[PDB]
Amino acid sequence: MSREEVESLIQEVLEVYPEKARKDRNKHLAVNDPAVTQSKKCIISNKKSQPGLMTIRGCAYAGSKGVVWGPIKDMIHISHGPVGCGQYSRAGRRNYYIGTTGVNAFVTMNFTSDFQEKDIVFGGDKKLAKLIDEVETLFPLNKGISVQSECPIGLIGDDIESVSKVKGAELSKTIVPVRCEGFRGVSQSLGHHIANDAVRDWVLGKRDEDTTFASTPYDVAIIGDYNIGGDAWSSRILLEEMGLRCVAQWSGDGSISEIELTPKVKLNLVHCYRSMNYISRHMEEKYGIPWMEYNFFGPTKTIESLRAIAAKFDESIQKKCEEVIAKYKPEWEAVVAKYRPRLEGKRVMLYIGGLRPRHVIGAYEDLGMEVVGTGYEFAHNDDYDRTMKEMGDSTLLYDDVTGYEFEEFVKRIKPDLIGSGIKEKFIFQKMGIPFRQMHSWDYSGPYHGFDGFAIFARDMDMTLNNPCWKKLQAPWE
């Protein structure tokens, strides 16, 4: 489609809306021009969702509890408030870890204060203090507690900070109050920021006066990899084969100690910019630790990232870098040789959260595929600035896309594959469009790194080329 055709598509779709919604949505839909560097000339983002339009977004609790805190394996995270939020988010996100669940690790469990009417009317702080004692009795090997606030907590004027200070002192335990109530912000995004600030304020400084950790010149942290299906492990392996020492993973398979040790590293390696840029900036400000963005999706990006990381160290790491690249060359070349001819020329539309809608484009291109539309639930304009150079001219961009818009865009564009989430999957399959989940990896992965690219390629092919797709039309019409 031409720029003019895509502009026309946008206007046609926007016709359904009442005027206020129409005027708003027009600002969140754009035709890419990779020549633009300031996305604030092209698209608005990180604003409220319009009521009644079926946004795909979540809330700040999802961004804090679901995304940042929940993966930390040896802490207990309390979903503080009524029963729903913790139950719907129990083990929905595949933030993988090694541990003994219910004993030393707690990630897939749902701990909650299960607010009842009396808790709303009189406050939950007394219940929270009692709950903490019960956690300590029944889960003695927990290494810290977080309190993930749900909507009612701030609305009723509870003081979880006081409870966390008093109980944390009483028990000589890190207890972290997190004001991630879902009424705050507009999406998962503010939850990330809130969560980062809570790590800063209650965990990260614990070892500021401790000189016992033996650092090396090659110490790094992986910042913003939540280890979906093992993604952080298939990243870590490469960094360490390159000669680095990965002191911490934030927060996939993460432990409280490795978070506390992170101020000792030489370089912070940021994968998810959106979720963790906050604490990365803090660590630069406070500890002098530099940070850099990288991308481990597909061989082209992974090779570029390894080289750019290695360049921050000495010749010995740059030599190991080239050894790693040489080792994996035949492996990813074999993946491309098998799958690229099966996928060449195929067109994909994506819709994901705050990173992947741009970050995975290179991996598609390594299989000869074309990303013809992309967009984000909750990205900010700094994300869009990074996107416009990664997407082709005249491709479609959508911020906080409505259900209606996504369906109508897909009907016109007729992509060969869609990559989005669980609420989207079954819609598009019924339309006869191959769909891959690009949050959960459709229960597959990892997709990061060289080993992840093999699985990514296998997966795109198994679904795009599946025999089921030729069968939706009954042969009698």
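Residue numbers here begin at 1 and follow the sequence given.
Per the entry, higher mean C-alpha B factor between 429-437 and 26-34: Of 429-437 and 26-34, the stretch with the higher C-alpha B-factor average is 26-34.
Higher-B stretch (mean Cα B-factor, as the entry records it), 465-473 or 452-460: Mean C-alpha B-factor is greater for 465-473.
From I228, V121, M109, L350, residue of greatest CA B-factor: Answer for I228, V121, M109, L350: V121, with the highest C-alpha B-factor.
Residue of maximum C-alpha B factor among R90, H192, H77, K126, per deposited coordinates: Comparing C-alpha B-factors across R90, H192, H77, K126, the maximum falls on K126.
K423 - which third its CA temperature factor falls in, relative to the rest of the chain: It belongs to the lowest third of the chain when residues are ordered by C-alpha B-factor.
Third assignment of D416 from its chain's C-alpha B-factors: Within its chain, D416 is a middle-third residue by C-alpha B-factor, going by the deposited values.
CA B-factor ranking of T101, expressed as a third of its chain: For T101, the deposited C-alpha B-factor lands in the lowest third.
Position of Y218 among the chain's modelled residues by C-alpha B-factor, lowest, middle or highest third: For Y218, whose C-alpha B-factor we compare with every modelled residue in the chain, the answer is the highest third.
Chain-relative CA temperature factor third for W332: Middle third by C-alpha B-factor.
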